[PDB]
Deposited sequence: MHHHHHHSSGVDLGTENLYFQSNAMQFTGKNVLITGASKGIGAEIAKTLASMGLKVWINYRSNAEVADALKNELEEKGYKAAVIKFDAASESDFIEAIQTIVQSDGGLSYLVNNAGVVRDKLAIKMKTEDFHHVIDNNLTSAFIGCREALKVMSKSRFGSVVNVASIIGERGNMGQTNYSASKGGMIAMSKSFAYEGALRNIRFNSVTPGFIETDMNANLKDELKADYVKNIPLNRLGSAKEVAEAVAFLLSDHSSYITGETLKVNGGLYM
C-alpha cells in the first residue's frame, strides 16, 4: 500500500498492544521490522514468527530503551545486519498513575525516564544513524494526555507533553539532513469514557498504527514537527 523510500524500522516496546500492531502494519507494507522487547522473548518471537508466516521480514532485539548504552548497542546491531536504519518509532512507555499528593518524586522520575528519556535517546540516535544516508523519518507515540492533561497523571502527561515538544526541536535539527520527526496522540484505544468520544467507540491499535505509518511514509514528506491526533473526536 503506502510508499516508503526506506527499507527498515525499529519500534521500541513492540512485543504487545499498539507496538505490536505498528510492527504488523509496517511489515505488511514491505518494511523489515525490528521488534524491541525487554524481558520476555517468547512473546516477541511469536510475533516475529507470525509475520514471517505471512511472507514478511522481521527480527527481534532485546534492550531497555531508557538505557543509553543498550539503545546504542541495539542500533549498531541493526546497522551491521541491514547496513543502516531509515525509520524509528518511539513507542516504549509506562504508566504509574496516582493522585499528585500521593506521588513520590521516584514515581515521577520512573515515568519520565521510561517515556521521555527513552524517546530522547531514540531520537538522538536516529539523528546520528540517519544523517549518513541523509534520509529518515521518526515517530514519537505520545498521547491525548500530553495535550490535555488528566487527573492522576501528572507524571504521564508531563512525559508525553515533553515528548511532543521535544519532537519539534528534533524536527528543526533533522530538517536540513531530510530527517522528519512527528508525533501521534492517540485517544482511548482497545487494549463510559465512550460517552465523550464522538465516533462512539474506542480506537483500534491498527488505526493508530496506520497513522504512524503515514507519518513514516513518503506521503508525509512535507510534514515535520507535527502532532497527529488519533482520538475519534475526543479532543479537537
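Unmodelled stretches of the deposited sequence, numbered from 1? According to the record, the gaps fall at 1 to 23, 215 to 226.
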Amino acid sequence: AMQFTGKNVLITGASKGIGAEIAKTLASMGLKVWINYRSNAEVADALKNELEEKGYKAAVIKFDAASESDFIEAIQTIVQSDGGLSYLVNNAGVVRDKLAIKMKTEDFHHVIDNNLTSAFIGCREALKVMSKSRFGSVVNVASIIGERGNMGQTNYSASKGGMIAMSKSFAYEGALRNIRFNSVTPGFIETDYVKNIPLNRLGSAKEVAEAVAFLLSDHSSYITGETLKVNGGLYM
From here on, numbers count along this sequence of modelled residues.
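Selected stretch [higher average CA B-factor]: 58 to 66 or 36 to 44: Looking at the record's C-alpha B-factors, the answer is 36 to 44.
Which has the higher mean CA temperature factor in the PDB entry, 48 to 56 or 182 to 190? If you average the C-alpha B-factors of 182 to 190 and of 48 to 56, the larger mean comes out for 48 to 56.
Kindly indicate the residue among 143, 140, 154, 80 with the greatest C-alpha B-factor in the PDB record. Each of 143, 140, 154, 80 was compared by C-alpha B-factor; the highest is 80.
Reading the B-factor column of the entry, which of 124, 110, 160, 104 has the highest value at its C-alpha atom? So the option with the highest C-alpha B-factor is 104.
In terms of the chain's CA B-factor thirds, is residue 76 lowest, middle or highest? Tercile = middle for this residue's CA B-factor.
Should residue 90 be placed in the lowest, middle or highest third of its chain by the C-alpha B factor in the entry? For residue 90, the deposited C-alpha B-factor lands in the lowest third.
Residue 195, C-alpha B-factor rank within chain (lowest, middle or highest third): Highest third - that is where residue 195 ends up once the chain's C-alpha B-factors are sorted.
Quick check on the deposited entry: does the C-alpha B-factor of residue 168 sit in the lowest, middle or highest third of its chain? Ranked within chain, residue 168 CA B lands in the lowest tercile.
Sorting the chain's modelled residues by C-alpha B-factor, tell me whether residue 19 ends up in the lowest, middle or highest third. CA B-factor rank for residue 19: middle third.
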